[PDB]
2 protein chains.
Amino acid sequence: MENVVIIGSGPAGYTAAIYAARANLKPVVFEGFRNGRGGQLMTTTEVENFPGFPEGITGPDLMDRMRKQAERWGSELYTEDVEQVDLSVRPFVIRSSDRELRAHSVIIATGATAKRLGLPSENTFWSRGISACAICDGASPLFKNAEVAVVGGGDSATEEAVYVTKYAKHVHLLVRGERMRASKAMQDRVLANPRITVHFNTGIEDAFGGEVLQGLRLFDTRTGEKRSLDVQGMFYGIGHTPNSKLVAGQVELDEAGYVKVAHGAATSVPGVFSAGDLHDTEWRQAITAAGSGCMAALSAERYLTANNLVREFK
Amino acid sequence: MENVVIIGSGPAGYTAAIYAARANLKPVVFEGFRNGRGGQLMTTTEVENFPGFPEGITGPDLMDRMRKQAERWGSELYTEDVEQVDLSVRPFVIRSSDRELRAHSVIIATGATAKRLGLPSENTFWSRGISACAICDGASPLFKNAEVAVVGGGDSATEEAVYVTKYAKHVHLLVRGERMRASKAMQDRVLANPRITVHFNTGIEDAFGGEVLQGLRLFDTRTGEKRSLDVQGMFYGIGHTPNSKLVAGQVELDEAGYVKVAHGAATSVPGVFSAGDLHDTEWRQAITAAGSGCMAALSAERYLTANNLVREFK
Ligand SMILES: Cc1cc2nc3c(=O)[nH]c(=O)nc-3n(C[C@H](O)[C@H](O)[C@H](O)COP(=O)(O)OP(=O)(O)OC[C@H]3O[C@@H](n4cnc5c(N)ncnc54)[C@H](O)[C@@H]3O)c2cc1C
Ligand SMILES: Cc1cc2nc3c(=O)[nH]c(=O)nc-3n(C[C@H](O)[C@H](O)[C@H](O)COP(=O)(O)OP(=O)(O)OC[C@H]3O[C@@H](n4cnc5c(N)ncnc54)[C@H](O)[C@@H]3O)c2cc1C
């Protein structure tokens, strides 16, 4: 019988764990394995906007520090994916590949789905023409005077397209719909730039090449008409998807799948708290996710206390 | 003409500065001087719950790192108190002891008022019987089998009183009103404990002693009747006061003086954003203040952009 079970090992999950462990709750953390232990910062290079690191810190080193801190203060860390939760009963039921636990309270910190398309040949060209971060990778020798694609039509994606025109001979911006979702300034900047072609009503079937990317198999999203595009790079500027499937149908979600929260972390289910990118439609930073993890942990501790649910030993 | 002026050098102010500087806004930060540069963490010993520091970090070292990071990315840092702001005109007017600036946007991150009473003899016995942090200081040799006072009747204060009964022969809990504001469990724990006396309707006039604290001059808050209390220690477990006087009468405040915010950081005045303890009635942690500073900076950047207020050079 757990006081609290935390799901996720991003900055939200680990900050929640540090607060819950320091309150003597002996949190259990399902960190993920197939979901990617350590969250989105494991996939970046250098973090420069996490306060307390004036020299910068690698994503992996920052997340390693957070894990060590969680462990130091008494967190039980499982490198296991949660397969199923039951929030309709009390105590709550949490099932991983390896074990089933009951818990007086649950912190869900499952973040965003992986920034990738899942194309058949995606793993083939990963780091060999395909990149999920144009800012991290755009200046690489591979892309110097290349034709490249940027996937998406949002604010991030138009800025990423313009950035990459510093290095690439030509940028093909690939938009699913008829209209970019970026600001009109960003649109005038893109539609002006002589080194950007915007493809509207464009989806991606697969990537092709040899030892590295040589192009994309595309289709019109209205008619399915197919064509090929020769590019030596592809950057993902795709939108944020909250990873809420564990709780879909059990807590209130908005239209995009974000968990709805009150008072910083409270879900529609008493005793269930959300932290991080899972409910964040605005900021999507490691520092805001960490603050959110703290709010969920303090929220869980006050819920456990008010209901007299904490025991001396588990 | 500033893009943004930040007031305060706590985790909120410096995190805002890092985000604004990295967005190329060349923020100016009025860090404070008489107000205490570096915020509340300058007054603590070891910080253990700021994610990314598994070994712990001193308050001063963590705040030194944040200052260096703010400076690295292009913040203009002034060790100056803001004396007056005018938020009724645009551009906004900000006046320090040394200069007067105009700004398209303002981030107020003025935090909490100093944790002290201002008693005439307070500076005399500071670190010599008077402490603002029972958790930091309770285990000190000075307090071993001493009679000590804890000021306040809140949740923090009752927990602090119980903590200090591990070390002190007797704890006098000094409450201004007739009732503790702590939970009924905390009250039963306190009123049970044979080593705690609760003084209701009790205020503090001054401290007395020689090279160290020997007691308090007290008064009944209903009649003003005076008495003396012999103690060799006094711990401040007093409540949180938001330092909102700069903006009092110019932005909407709640009854306790907290700035009212919408969408994470927006005040009642468009272009004016709040971050940190100044608007936080719930969490009051360095990590939640830092996340808040990020939200205010991103909010200011989007306001400046939407209104086309940013220039190439200032
Ligand atoms: C390329 C890139 C660069 C970035 N750079 C920066 C930057 O420099 N600075 C910055 O502030 N932000 C940056 N971000 C954003 C930042 O990484 C996120 O805002 C932050 O990591 C979100 O934290 P989180 O804890 O909410 O979620 P996530 O980081 O998404 O973590 C969610 C965690 O939950 C786990 N999980 C999911 N489902 C399950 C399950 N069923 N069982 C168990 N565990 C599960 C996942 O494996 C993961 O560990 C970047 C993002 C990316 C993709
Ligand atoms: C003893 C103690 C121990 C603590 N320990 C911890 C802990 O271990 N972990 C934790 O997470 N939290 C801790 N906290 C809480 C934490 O310090 C605060 O939550 C946090 O510092 C608030 O950040 P902030 O930036 O909102 O405000 P503050 O830290 O209060 O900073 C406000 C800043 O604004 C400045 N300012 C005020 N008025 C003006 C003006 N007119 N002009 C210019 N500048 C001005 C002040 O000088 C100060 O620099 C502790 C607090 C105390 C008092």
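Couple of notes before you dig in:
- Bridge type composition, the protein assembly as shown - antiparallel percent by DSSP, nearest 5: 45
- With its label point defined 7 Å out from Cα along the Cα-to-Cβ axis, A:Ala262 lies at 2.0 nm from the matching points of the other copies, in increasing order.
- Anisotropy class assigned to segment B:1-48 is oblate, per the alpha carbon gyration tensor with a/c at or over the 1.5 cut-off and a/b no larger than b/c.
- Of all chain A C-beta atoms, the nearest to the rotation axis linking A with B is recorded, alongside its rounded Å distance, as A:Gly291, 1.
- Chain B: Rg to Rh, with Rh as the Kirkwood radius over Cα pairs: 1.03
- For segment A:1-86: rounded, prolate or oblate by the Cα gyration tensor [a/c cutoff 1.5]: oblate
- In terms of surrounding Cβ atoms within a 10 Å radius of their Cβ, A:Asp137, B:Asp277 rank from fewest to most as A:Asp137, B:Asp277.
- Mean sequence separation of contacting Cα pairs (under 8 Å, at least six apart), scaled by the length of segment A:115-193, corresponds to a relative contact order of 28 percent.
- Under the span-like rule (Cα at least 24 Å along the axis, Kyte-Doolittle mean at least 0.0), DSSP H helices of chain A: A:286-306
- Ranked B:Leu213, B:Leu41, criterion: other C-beta atoms within 10 Å, fewest first: B:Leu41, B:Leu213
- Phi to ³J(HN,Hα) by Karplus 6.51 cos²θ - 1.76 cosθ + 1.60 over segment B:211-217, Hz, x for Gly, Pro: 6, 9, 4, 10, x, 10, 8
- For segment B:174-246, the list of GluC sites (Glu not before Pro) that fall in a loop by DSSP and count at most 13 other C-beta atoms within 10 angstrom reads B:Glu178, B:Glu211, B:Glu225.
- Over chain A, Cα pairs under 8 Å with separation of 6+ residues give a relative contact order of 21 percent.
- In order along segment B:266-282, the Karplus-derived 3J(HN,Hα) couplings, from 6.51 cos²θ - 1.76 cosθ + 1.60 at θ = phi - 60°, round to 7, 7, 4, 9, x, x, 10, 10, 10, 9, x, 4, 3, 10, 9, 8, 10 Hz, and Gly and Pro are given as x.
- Taking label positions 7 Å along the Cα-Cβ direction at both B:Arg195 and A:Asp98, the computed distance is 4.2 nm, reported to one decimal.
- A simple rule links phi to the HN-Hα coupling: the Karplus curve 6.51 cos²θ - 1.76 cosθ + 1.60 with θ = phi - 60°, which for segment B:100-113 gives 10, 10, 10, 8, 5, 8, 9, 10, 9, 9, 7, x, 9, 5 Hz, with x for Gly and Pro.
- Overall form of segment B:107-236 per C-alpha gyration tensor (a/c, 1.5; a/b vs b/c): rounded
- FRET efficiency, 1/(1 + (r/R0)^6) with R0 45 Å, evaluated for A:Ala248 and B:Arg90 via beta carbons: 0.50
- For GluC sites (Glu not before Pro), no site in segment B:77-133 is both called loop by DSSP and has at most 16 other Cβ atoms within 10 Å.
- Our helix-only sum for chain A, with -39,500 (n - 2.57) per DSSP H run of n ≥ 4 divided by its residues, gives a mean residue ellipticity at 222 nm of -7000 deg cm²/dmol.
- Per-residue Cβ neighbour rank within 10 angstrom, fewest leading, A:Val190, A:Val150, B:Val162: B:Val162, A:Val190, A:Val150
- Lone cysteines, chain A (no partner Cβ under 4.7 Å): A:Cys294
- Simple Cβ-charge dipole of chain B, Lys/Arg +1 and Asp/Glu -1, about Cα centre, in debye nearest 20: 140
- The distance from the alpha carbon centre of segment A:136-152 to that of segment B:125-200 is 63 Å, rounded to a whole number.
- Kirkwood Rh (inverse of mean 1/r, distinct Cα pairs), segment A:39-79, angstrom: 11.1
- In a DSSP loop and with at most 16 other Cβ atoms within 10 Å, the chymotrypsin sites (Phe, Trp or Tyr not before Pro) in segment B:179-282 are B:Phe200.
- Look at the dipole of chain A built from charges on Cβ: of A:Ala17, A:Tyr167, A:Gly32, the Cα furthest out on the positive end belongs to A:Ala17.
- Alpha carbon centroid spacing (whole Å) that separates segment A:1-50 from segment B:218-261: 37
Because the Cβ atoms are built from the backbone with ideal geometry, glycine has one as well, and the counts that use them run over all protein chains shown. Any read-out appearing in this document is the output of simple, stated calculations on the displayed coordinates, not a laboratory observation.
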